[PDB]
Amino acid sequence: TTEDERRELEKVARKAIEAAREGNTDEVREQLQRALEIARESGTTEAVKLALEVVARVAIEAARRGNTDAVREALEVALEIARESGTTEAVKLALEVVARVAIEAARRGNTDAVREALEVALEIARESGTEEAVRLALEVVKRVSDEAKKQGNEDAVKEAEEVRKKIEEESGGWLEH
Ligand code: NA
């Protein structure tokens, strides 16, 4: 039921967050895989939402600690949840996770994590084949650019510019193709 999955994801979150703090890439990978499988097994949007929240918390912690591997693993799992859920809601939630992570990274001078997050935003837009996902991805890039400007993170401002240019140049093809 919903009570068993919530407690399960709670355990996963605890272990994954600790692993993200300590640079334990192997454990972060394993725990995020379990979050994905819990969402799979549950077959509800509620479970998808909770799993994406766990992924977000792990990736935010990782972003704060310069744990590039964990940010990468976590956002890949967000991407896969978006792929497998079969709903627009899951895609929008995954994009909000990516935005949250990229914003925290921008605030912490974590330019790897900004780069990883924006690349997943681009991939979500490329794979979704909806105009709305392209628009939302561009909004994510703008939010990250805004934060980077505010914090004096020139690397992140430049990365956001490059990803914006890529979406603007290439999204025309993504949508038709
Ligand atoms: Na679709």
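Residue 66 in the deposited numbering is what sits at position 65 of the sequence shown, and the numbering runs on without skipping anything. Ideal Cβ placement from N, Cα and C applies to all residues, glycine included.
Report yes if the C-beta of residue i is less than 6 angstroms from at least one heavy atom of the ligand MG; otherwise report no.
i	result
residue 5	This structure does not include the ligand MG; its bound ligands are the ligand NA.
Using alpha carbons as the reference points, say which of the options lies closest to residue i.
i	options	result
residue 51	39, 61 and 141	39
residue 172	12, 128, 5 and 92	128
residue 95	53, 157, 151 and 3	53
residue 78	4, 113, 65 and 122	122
residue 175	124, 100, 162 and 160	124
Use the C-beta contact count for residue i: other C-beta atoms within 10 angstroms, 16 or more gives buried, fewer gives exposed.
i	result
residue 136	exposed
residue 30	buried
Which residues in the same chain have their Cβ closer than 6 angstroms to the Cβ of residue i, if we skip the five residues on either side of it in sequence?
i	result
residue 43	6
In the DSSP assignment, find the unbroken alpha helix (DSSP H) run with residue i in it and report its ends.
i	result
residue 173	155-177
residue 31	26-43
residue 89	89-109
residue 11	3-22
residue 112	112-129
What residues in its chain sit with their C-beta under 7 angstroms from that of residue i, if we drop five residues either side in the sequence?
i	result
residue 148	104, 107 and 108
What residues in its chain sit with their C-beta under 8 angstroms from that of residue i, if we drop five residues either side in the sequence?
i	result
residue 158	146, 149 and 150
Next item on the list: Any chance you could list the beta strand (DSSP E) runs of at least 3 consecutive residues sitting entirely within the region 49-87, in chain order?
Entry: none
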